[PDB]
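According to the authors' numbering, the stretch in the sequence shown is residues 323 to 333, 999 to 1097, 1999 to 2275, in order.
The structure appears below as structure tokens.
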Amino acid sequence: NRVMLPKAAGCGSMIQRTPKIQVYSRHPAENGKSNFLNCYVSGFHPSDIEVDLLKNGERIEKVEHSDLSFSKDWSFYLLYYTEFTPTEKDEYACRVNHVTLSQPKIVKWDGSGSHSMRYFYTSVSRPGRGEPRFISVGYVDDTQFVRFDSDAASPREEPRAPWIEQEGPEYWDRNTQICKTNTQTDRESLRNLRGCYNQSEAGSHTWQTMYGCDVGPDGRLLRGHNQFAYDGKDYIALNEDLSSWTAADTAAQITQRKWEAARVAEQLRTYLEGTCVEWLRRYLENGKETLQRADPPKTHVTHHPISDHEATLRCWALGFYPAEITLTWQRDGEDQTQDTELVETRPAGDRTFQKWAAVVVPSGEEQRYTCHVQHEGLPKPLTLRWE
């Protein structure tokens, strides 16, 4: 359940991040069995992006995508997907265009007891094209359960998980109202922030908000969060004591003084210690058969010679939930952090996640390397060695 957010105060630099692209199937592809083709685009900023799935060079028409969300560094991620039945010869790919790319990039298809709730908000101004685009999503751990999009035909808080559908009309009305109010608050924040940095109305800017709570196995608050970012950079954050702010620059300090006088932190603390933890506890009980079940990774190692004297060892983890995982390659038990290539953890589309880690080793020394896997679904870490 949401909270109404404060407005940045009236009184420049901008991050650009290039998308990371992975193309893959949800489950091992079968030459005659239905599957899902996934294109996962992550780590990018700003949020404007174009993603198409290709079949034999042709653009696939019925492609869905996940609701815009972002990672701790404020960078965005999206999953694009479609059901498909792969064949021996049909060739699939993903094409991505973004301001950081000089041409569209084509990639060919080759527990613990602790929990969290987060709401993520993204407002993006659209100069000359109407009002800002407002998109908000809510998560329990790595399970999305609501979304709100100001460009929907009838914008409202919408269910995205089965265990939230039982909430009554008061819940949907209340959270829809909070979203609609926050849309207008964000529009006012964007206007105020332009003034703080002497920016005209002609440029597009991004205002992102996150808040939420972490609880332990007994349901107690472990810590609360509320942070804001402008154009991809930290702007102001509630400190861990839930009683003070950290402001990134002189503009944000003006907001800090306004929110101090308005006792914003006290209101957020009240929400984080009460409503946030109480509703998270409710969701964990109502969705316990999925939310309180950890799925351990299914793991294996592959081996690819790259020359007469070196080979690639790749450690795969598949089908795990929640998304947090650690894959490490060791030589004689010592971490090879510098030499290990990792990919961003990616969604299969069915709640679970996937990840791999690779290392290049001298041919003949493969047996001195082990892959170490840590996941909360494992009683103890797993170790794998190539045969």
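Virtual Cβ for every residue (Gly too), placed ideally from N, Cα, C.
(request) Kindly indicate which three-state DSSP category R2035 falls into: helix, strand or coil? (result) Counted from its first residue, the sequence shown places residue 2035 at position 147. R2035: strand per DSSP, three-state reduction.
(request) Could you tell me whether the Cβ atoms of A2211 and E2254 are closer together than 9 Å? (result) Here residue 2211 is taken as the residue at index 323 of the sequence shown, counted from 1. Here residue 2254 is taken as the residue at index 366 of the sequence shown, counted from 1. Not a contact, by the Cβ cut-off of 9 Å.
(message) Check this for me: beta carbons of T2094 and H1032, under 9 Å apart or not?
(response) Stepping through the sequence shown from its first residue, residue 2094 is reached at position 206. Stepping through the sequence shown from its first residue, residue 1032 is reached at position 45. The answer is yes: Cβ separation under 9 Å.
(request) Inspect the CB distances between the stretch 2072-2084 and the stretch 1008-1022 and report whether three or more fall short of 8 Å. (result) no
(request) Taking all protein chains shown into account, decide if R2017 is buried (16 or more other Cβ within 10 angstroms of its Cβ) or exposed. (result) Position 129 of the sequence shown, counted from the start, is the residue given in the question as residue 2017. With fewer than 16 other Cβ atoms within 10 Å, it is exposed.
(request) Under 8 Å by Cβ, that's how I've got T2216 and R2202 pegged, so tell me the actual separation to the nearest angstrom. (result) Here residue 2216 refers to the residue found at position 328 when the sequence shown is read from its first residue. Here residue 2202 refers to the residue found at position 314 when the sequence shown is read from its first residue. Actually they are not in contact, since the Cβ atoms of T2216 and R2202 sit about 13 Å apart, beyond 8 Å.
(message) Quick check on DSSP: helix, strand or coil for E2019?
(response) In the sequence shown, the residue the question calls residue 2019 occupies position 131. Correct three-state label for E2019: coil.
(request) Label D2029 either buried or exposed according to how many other C-beta atoms from any shown protein chain fall within 10 Å of its C-beta, with 16 as the threshold for buried. (result) The sequence position of residue 2029 within the sequence shown is 141, counting from 1. So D2029 counts as buried.
(message) So, with DSSP's three-state summary, where would you put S2077?
(response) Numbered from 1 along the sequence shown, position 189 holds the residue referred to as residue 2077. Correct three-state label for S2077: helix.
(request) Inspect the beta-carbon positions of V1086 and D1035 and report whether they are closer than 9 Å. (result) The residue given as residue 1086 occupies position 99 in the sequence shown. The residue given as residue 1035 occupies position 48 in the sequence shown. Contact: yes.
(message) Going by DSSP in three states, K2068 sits in which element: helix, strand or coil?
(response) Start at 1 with the first residue of the sequence shown, and residue 2068 comes out as number 180. It is helical.
(message) On a Cα-Cα basis, can you pick out the residue from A2049, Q2096, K2186, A1080 that is closest to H2260?
(response) Position 372 of the sequence shown, counted from the start, is the residue given in the question as residue 2260. Its Cα nearest to that of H2260, the residue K2186 stands out among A2049, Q2096, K2186, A1080.
(message) Going by the DSSP bridge assignment, what does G2026 pair with across the sheet?
(response) As a first step, residue 2026 is located in the sequence shown; it is residue number 138 there, counting from the start. Answer by DSSP bridge pairing, in chain order: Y2007, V2034.
(message) Give me the residue from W2051, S2024, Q2054, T2031 with the minimum Cα distance to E2045.
(response) Counting from 1 along the sequence shown, the entry for residue 2045 is found at position 157. If you compare the alpha carbons of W2051, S2024, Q2054, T2031 with that of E2045, the shortest gap goes to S2024.
(message) Can you tell me whether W2051 is helix, strand or coil according to DSSP?
(response) Locating residue 2051 in the sequence shown gives position 163, counting from the first residue. In this structure, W2051 counts as helix in the three-state DSSP scheme.
(message) Do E2229 and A2246 count as a contact pair if the criterion is CB distance below 9 Å?
(response) By 1-based counting over the sequence shown, the position of residue 2246 is 358. By 1-based counting over the sequence shown, the position of residue 2229 is 341. Cβ distance < 9 Å, so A2246 and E2229 count as in contact.
(message) Between the alpha carbons of residue 301 and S2251, how many angstroms are there, rounded?
(response) Because residue 301 is not part of the residues shown, which for the chain are 323 to 2275, the question remains open.
(request) Select from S1089, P1015, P2015, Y2027 the residue whose C-alpha is nearest the C-alpha of residue 309. (result) Since the first residue of the chain shown is 323 and the last is 2275, residue 309 is not available in this structure.
(message) Let's see if you can read the secondary structure: which residues bound the alpha helix (DSSP H) around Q2087?
(response) In the sequence shown, residue 2087 corresponds to position 199, counting from 1. Taken as a continuous stretch (DSSP letters only), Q2087 belongs to no alpha helix (DSSP H), as it is neither H nor E.
(message) Comparing C-alpha positions only, which one of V2012, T2214, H2188 sits nearest to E2264?
(response) The sequence position of residue 2264 within the sequence shown is 376, counting from 1. Nearest option by C-alpha distance: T2214.
(request) Check whether the Cβ atoms of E2128 and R2111 sit closer than 9 Å, and answer yes or no. (result) Taking the first residue of the sequence shown as 1, we reach residue 2128 at position 240. Taking the first residue of the sequence shown as 1, we reach residue 2111 at position 223. Yes, Cβ-Cβ distance for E2128 and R2111 is below 9 Å.
(request) Return the chain-ordered ranges of every beta strand (DSSP E) run that is complete within the stretch 2131-2174 and spans a minimum of 3 residues. (result) 2133-2135
(request) Less than 8 Å between the CB atoms is what I'm expecting for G2091 and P2015, so what's the real figure, rounded? (result) Locating residue 2091 in the sequence shown gives position 203, where the first residue counts as 1. Locating residue 2015 in the sequence shown gives position 127, where the first residue counts as 1. With 8 Å as the limit, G2091 and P2015 qualify as a contact, their Cβ atoms being about 6 Å apart.
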